[PDB]
There are 4 protein chains.
Amino acid sequence: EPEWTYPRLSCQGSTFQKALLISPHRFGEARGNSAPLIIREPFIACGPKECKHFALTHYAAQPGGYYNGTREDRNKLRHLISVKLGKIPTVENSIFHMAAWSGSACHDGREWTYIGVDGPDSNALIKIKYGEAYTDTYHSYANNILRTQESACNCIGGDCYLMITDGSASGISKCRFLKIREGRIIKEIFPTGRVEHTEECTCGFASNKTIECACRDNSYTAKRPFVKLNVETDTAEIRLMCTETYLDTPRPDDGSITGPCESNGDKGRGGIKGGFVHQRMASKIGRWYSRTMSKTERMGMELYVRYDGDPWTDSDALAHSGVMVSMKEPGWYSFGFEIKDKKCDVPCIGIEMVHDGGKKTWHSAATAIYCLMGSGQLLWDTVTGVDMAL
Amino acid sequence: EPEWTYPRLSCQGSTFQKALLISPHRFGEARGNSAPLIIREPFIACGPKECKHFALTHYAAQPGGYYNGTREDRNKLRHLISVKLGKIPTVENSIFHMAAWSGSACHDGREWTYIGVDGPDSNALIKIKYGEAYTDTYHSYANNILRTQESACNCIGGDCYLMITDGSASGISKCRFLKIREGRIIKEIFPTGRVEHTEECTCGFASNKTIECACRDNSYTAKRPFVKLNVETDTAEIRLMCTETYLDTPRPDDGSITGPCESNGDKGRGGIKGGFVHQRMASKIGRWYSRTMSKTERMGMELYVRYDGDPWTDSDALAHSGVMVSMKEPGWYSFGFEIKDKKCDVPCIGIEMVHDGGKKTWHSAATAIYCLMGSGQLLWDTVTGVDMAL
Amino acid sequence: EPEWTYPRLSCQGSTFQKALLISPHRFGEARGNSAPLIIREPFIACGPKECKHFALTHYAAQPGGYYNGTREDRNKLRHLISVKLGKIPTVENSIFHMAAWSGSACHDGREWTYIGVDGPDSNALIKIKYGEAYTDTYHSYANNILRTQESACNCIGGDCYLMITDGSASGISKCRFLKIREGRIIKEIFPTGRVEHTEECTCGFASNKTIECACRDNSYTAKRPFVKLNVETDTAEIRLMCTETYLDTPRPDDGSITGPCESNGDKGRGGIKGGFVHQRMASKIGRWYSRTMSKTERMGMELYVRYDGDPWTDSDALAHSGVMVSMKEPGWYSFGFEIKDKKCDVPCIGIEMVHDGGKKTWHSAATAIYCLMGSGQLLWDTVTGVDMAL
Amino acid sequence: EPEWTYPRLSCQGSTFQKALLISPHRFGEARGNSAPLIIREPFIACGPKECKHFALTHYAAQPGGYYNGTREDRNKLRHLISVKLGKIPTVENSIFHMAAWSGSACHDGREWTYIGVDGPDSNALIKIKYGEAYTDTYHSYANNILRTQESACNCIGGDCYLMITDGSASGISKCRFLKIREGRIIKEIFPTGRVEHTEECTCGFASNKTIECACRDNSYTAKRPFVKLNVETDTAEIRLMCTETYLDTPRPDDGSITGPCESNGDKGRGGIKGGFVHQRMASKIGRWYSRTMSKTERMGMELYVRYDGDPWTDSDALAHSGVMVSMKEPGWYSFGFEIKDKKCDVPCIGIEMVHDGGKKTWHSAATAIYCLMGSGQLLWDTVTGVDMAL
Ligand SMILES: CCCN(CCc1ccccc1)C(=O)[C@@H]1OC(C(=O)O)=C[C@H](N)[C@H]1NC(C)=O
Ligand SMILES: CCCN(CCc1ccccc1)C(=O)[C@@H]1OC(C(=O)O)=C[C@H](N)[C@H]1NC(C)=O
Ligand SMILES: CCCN(CCc1ccccc1)C(=O)[C@@H]1OC(C(=O)O)=C[C@H](N)[C@H]1NC(C)=O
Ligand SMILES: CCCN(CCc1ccccc1)C(=O)[C@@H]1OC(C(=O)O)=C[C@H](N)[C@H]1NC(C)=O
Ligand SMILES: *[C@@H]1O[C@H](CO)[C@@H](O)[C@H](O)[C@H]1NC(C)=O
Ligand SMILES: *[C@@H]1O[C@H](CO)[C@@H](O)[C@H](O)[C@H]1NC(C)=O
Ligand SMILES: *[C@@H]1O[C@H](CO)[C@@H](O)[C@H](O)[C@H]1NC(C)=O
Ligand SMILES: *[C@@H]1O[C@H](CO)[C@@H](O)[C@H](O)[C@H]1NC(C)=O
Ligand SMILES: [Ca+2]
Ligand SMILES: [Ca+2]
Ligand SMILES: [Ca+2]
Ligand SMILES: [Ca+2]
Ligand SMILES: [Ca+2]
Ligand SMILES: [Ca+2]
């Protein structure tokens, strides 16, 4: 049948470039004739021949009459939807996979695994679908909003890994990893180290032996929790990123958190899911990350890279690698993903660009894509082009 | 060629969970740009690779100008349509299979069989289509609205079985079963037993030897007629389910119908098609059923199960297994179906949630899907989210 | 590669039944959200796995602003379009094949041949496309509106046959047949017999050796010109249908044309393209035909059949086989076609049901389908359901 | 795998004929329900099985609220999009390939290569995508709007050749050719000859050894720069076409540029991209070209041909071969392309017909297609049918 998929060396390249903007609300004007779906938390995952652009819809279109409530996180109507990357996610072009107010998905070489969380806050549920068939669930172990990545899970040899957490977004959230094979949970991994508060991990393969993730601590630090997961022993350890280039929002100024790598620092409450993707070379490993340009609001988005070293011990500043979204434009969640070329994998970061006018209007987002492409430096930024009054 | 489909053991699991809501009219606002089809009597049937969501449209969309007449059951415009499950059934997303005001469909491992009934009330006609070709018909035997399941037929080794009936909805309607192979009726099956009124059977496989069905009696009882059909002898027998948990609507209080299992009891006139699906295990069979929360109106929907026993003689209560639709929301027809996972079958029940504002406005429905998924207990209910005024 | 296609014996059956209605303007209301294409001259042709529903669009949608001019026959904007049968022919669901104000198409087993005529009236052009590639043309031989079938051409062993004509619709139109193989004209057949005025032939296989067509004489008779074409010698002869059941509109009363079979009779000026399809049995040949119910206007449509005999010598009345469209509904062009079942061919007649409100509004049509299905008699008629004011 | 595509001998034929009009804005009325994309610079490229219709959208639809800015050439929103040729390029029918305000694309027998340029004017960037993956980039060499063909690139044995240029549109712009294999630049080709200004080359294969291109000089002449590129040595040479039939717009009267073949002549500033395609025969080569009917404005389009000779030294007039667009209708860019029939290639020219109502309204285009088809002479012209006020 199809071979199972594995991480491969990345395609040659040394800079990212602007690739593609999916801005559905460019066609949502009241005088227009389209039906872009109102969504948030977009992410992309690719199989061998195609990528799918996922998001959590509020099950409402622009223009329409169900804008009230579209700025809330969880309810009984939100669903995980997708379109093939490059198609506009409208009512008709999308597929509704399952009810979900938190999601993930990934292809293993043979088939797609879709993950969607719903249920009441005190007792929510991870539901897993493999292709068409609902195949498994996982229960709330801390009875406070069981939730997951909002980005691609990661499969190697048929084993797909997924970060989940449950418990307080303001206190302790001890996260866990699930190992899922053909839609069924075959192992639960309890991490070690700094496990007190890890949210919305963005994960990817550092090699065939290691998954790494850069996550969000919503209460104590603007340094990102960083996961190293050994795929062969099914063990994970988490410690803060030591770089003075703190990747969360809010954050203090770079280099301002004194003391050892584990020091929490100021402006730690609050957070944002951040992009991270690997460039695997025969010789070395590139780790690419994104963060907003404002230190306090979800505005702008800049790319950074560092080759090798240990993210847990290295306080060195990451190398600035281009403005993907200026300060004038929204820069909300970002995520890594990889496109499969014939012989190598292309690392990319996607950027959620939320159209926020508060609760008295519709709330949704565009998705911008940057990928490793040629040499030199990143050349152009992305704007959504949407006027929320139309 | 591909080979013929057979029932397999069900996938492991012990509770149903909310899976998917297809709520087309969330996009039918006058100020929106979508064209959801006005439908009723939805059902789902799946082949090895995909499930189709079928319904009987009134050949009208919302917003639109043909709302008058969409509350009627039968006319020259109704058609059997489908979309791939997960797509919104809109004017352009749907395929129109055949003219029909009663329908069924099922896949035999190789091709789809579509069933549509139309024709004058006194001389209506079952029409069968195999793939793209119209292959056979069956004539009215009692000249009083020949009609069929409104849920999936059931194929084993190329033979597809279908319930049909003809007769007064407030008098005698003696059903029959058709055995259909590659779109052609190869055998008529005349049931034995309590045969005076059987409607809208929801049928599935209890094993490779037995199809069972939970049906509606619209005239005499609130207990469901229960068919056991032996596929090897092509014989069927019907008796009333003896459980005190009467699955019809209207119904009297549970356990209030005194006397032997076959006693009709009180609040017998009227009815609703009911969900039923099997959970086949190596040595145990789970029978899952749904019924409205109101005893008299089509409001809410609750799940019930019983393992083993004989439905014809067990008076014990069915075990309540979750509120799928609250008393506040519409609960009209329900039906069972199975999704084909790689090595096993996933039992599910779908729920038609009709938007009824009377004869004065459009009339149509959302479809809610619940499936056997994991263990523990059912966690959340389904709302359509539709404001019929928009 | 794919085998070339041949006519096969028809599937068992002895009556037609209502199969499917494609009524796109059921969704064309000004307050709705759809874009049905404004069309006329629909026809259907099938390959081994799918049928396509063709028509000549005016390149305009309802609702829209280009209604003026949609009641004219030829212009620089009309195009041959199609959708898979069962899909609604809207702006987006359709494929535009080529510029054309007269058309035909057919599948040969391996690929589709599309035929579209355009150009100025005095010097028009048959253009032939095989799949994606424009492959050949044929010139106007009489410089008066070169034109073709408005129904499926017919392929056997890779050879596809097509009737064309050129010359006066009120005087002499000597028609011709083209033999097209892989999109290229490989023979021109000059018919013999009554060749003075043959229009819009509806053709099909009587056997592997003979194509037959029932055509329209627009100036001299209400009897249909009937073509017998020997596929092996590539010769054709044409003579009038002798049946007293005159199939054209206008027409006099049945049996009223006195004298031999060739006698022209009264009310011969004017005409309509008529449905005709074969039921090939091992033993005998069924010839099915349709005609309007009004003897003078394009209202209603009735089915007729006769087995065996020679259409050129037999004055016997055809057997009335059901009202497909009542007198209250439009009955304009009709055409035969065949759907391919696994082992046999299903004969069908399609009916163009024009929405005509004159030139001050839009002009388009619905398509109704009837096919051979089971035994007994035809049970129900078709209405478009469209109110042209909406 | 499939194998690499090579030029083949053209299909038999001696005249072009009107083939297809894709006029999206026939459905863009304010009272309509469609969403045609606002585009410019359309072109078509075909693989073995299908042709794609590409254009540069302004990421806006008609009707809509983003018309301001749609007359500009370059901005952060323009994207390269396509549909299968024959589909209307609407918001939902199109795929968005990459951010781009100059584009090209072509199929090599195995996969599609997409080319998109964006970035700041002084430092723009060629981006290449092979299938779904971004594979390589090329940087600005003259820091003045690096840009490319706006028509199909050309592949032979897996090597795809592309013209690019960079420099002042009213001064020096020395083009270059990129040799691209599986999405990666494997060679730069620096032309020899009259190299001071070459833009928007329309290129194709004269044989297995030679690509030829008819280009635009926007600064010095109304004669088209003509590239002969030797694919075996990967060398190119450019000289002005010597024909008195000057193919650019503006242009002086035919034959009025006196002196030797390389003389620039009068009315040289300004220009338009021009159609050119080859008709390869066993011993003769036809070179087909198009130019506007007006000498000074983008109004009308006429076809011309010349067999054999050397474009660089023949001053003889090109033979006029039909009016494709009358003086009354828009004739803006034209381009050549070839459709792959079963054993031979069909040469065609497409014509962008821009709807220009100035900066005050939307700005976009229809695409007209003419192809070598049969013999005799070209018979009809193309109108867009669009009233820009609706
Ligand atoms: C911190 C990341 C996840 N949390 C915290 C959930 C939580 C709240 C209170 C107590 C416990 C848990 C968020 O809120 C996420 O934030 C955001 C956000 O933009 O900050 C978007 C997500 N839609 C939301 N996720 C869920 C599942 O609601
Ligand atoms: C009882 C279930 C089937 N019947 C009885 C039909 C009948 C009426 C009167 C005399 C004889 C027969 C219904 O009315 C069904 O009810 C309902 C319903 O919601 O109860 C929906 C179906 N659209 C309708 N089916 C048909 C075929 O009309
Ligand atoms: C008689 C059938 C074909 N003709 C005659 C064409 C003609 C007119 C005058 C002189 C010569 C030829 C028709 O008009 C057809 O009639 C009709 C019709 O509904 O009667 C529809 C067709 N759109 C039209 N065909 C063309 C190609 O215009
Ligand atoms: C001359 C053809 C390319 N140029 C020159 C670009 C340029 C301007 C000024 C200085 C340097 C370069 C054009 O302006 C093209 O013109 C036209 C046009 O209609 O003439 C359409 C193209 N959208 C545009 N291309 C770009 C890439 O902007
Ligand atoms: C990972 O392992 C697979 C399977 O053995 C191999 O094909 C692939 O190229 C490896 N990836 C690396 C070395 O990054
Ligand atoms: C039914 O029989 C088939 C073989 O005909 C077998 O493959 C399948 O697993 C059986 N299923 C059950 C439920 O017994
Ligand atoms: C026609 O000929 C083909 C090929 O020989 C055959 O397969 C087919 O069944 C024949 N059709 C008839 C007998 O009608
Ligand atoms: C070009 O060469 C290929 C083989 O490489 C051949 O198949 C093809 O017909 C040739 N075409 C021309 C136009 O010479
Ligand atoms: Ca934080
Ligand atoms: Ca829509
Ligand atoms: Ca009852
Ligand atoms: Ca006549
Ligand atoms: Ca549309
Ligand atoms: Ca010039």
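Just follow the structure's listing: the first ligand is 1, and inside any ligand the first atom is 1. Here is the naming used below: chain letters follow the sequence lines, and residue numbers restart at 1 for every chain. Hydrogens, waters and symmetry mates are skipped; everything else that's a heavy atom, side chains included, is used.
Within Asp248(B), OD2 is the N, O or S atom that lies nearest to the Ca ion (ligand 11). Closest to the Ca ion (ligand 11) among the N, O or S atoms of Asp217(B) is O.
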Practice item. Test disulfide (SG to SG under 2.5 Å) on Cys153(B) and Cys203(B) and set out the steps. Key: CA-CA 7 Å; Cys153(B) 35; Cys203(B) 306; over 6 Å; no
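When the options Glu199(B), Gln149(B), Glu200(B) are evaluated for a side chain to side chain contact (heavy atoms under 4.5 Å, CB included) with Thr165(B), the one that passes is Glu199(B). Considering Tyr304(B), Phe335(B), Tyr333(B), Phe226(B) as possible partners of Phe276(B), the one that fulfils the ring-ring contact (aromatic ring centres under 6.0 Å, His included) test is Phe226(B).
The protein heavy-atom contact nearest to atom 17 (C) of ligand 2 is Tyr333(B) OH, 2.8 Å. Looking at atom 26 (C) of ligand 2, its nearest protein heavy atom turns out to be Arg74(B) NH1, 4.0 Å.
For atom 8 (C) of ligand 2, the nearest non-hydrogen atom from the set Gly171(B), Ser102(B), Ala169(B), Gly270(B) belongs to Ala169(B). Distances from atom 25 (N) of ligand 2 to the heavy atoms of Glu200(B), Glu72(B), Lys273(B), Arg298(B) put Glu200(B) nearest.
Distance check for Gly270(B) against the Ca ion (ligand 11): an N/O/S atom falls below 3.0 Å. Using a cut-off of 3.0 Å, one finds that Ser34(D) contributes an N/O/S atom close to the Ca ion (ligand 13).
In this structure, the separation between CG on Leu37(C) and CD1 on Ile88(D) is 8.0 Å, given to the nearest 0.5 Å.
Backbone and side-chain nitrogen or oxygen atoms of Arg147(B) are examined, and none is located within less than 3.5 angstrom of a nitrogen or oxygen of ligand 2. The shortest N or O to N or O distance between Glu150(B) and ligand 2 is not below 3.5 Å. The N/O atoms of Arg216(B), backbone and side chain alike, include one that comes under 3.5 Å of an N/O atom in ligand 2.
Remark: the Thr367(B) side chain and the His53(B) side chain contain an N/O donor-acceptor pair separated by less than 3.5 Å.
Residue contacts with ligand 2 include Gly167(B), since one or more of its heavy atoms lies under 4.0 Å from the ligand.
Checking atom 5 (C) of ligand 2 against the protein gives a heavy-atom contact under 4.0 Å.
In this structure, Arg78(C) contributes its side chain and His58(C) its backbone to no donor-acceptor pair below 3.5 Å.
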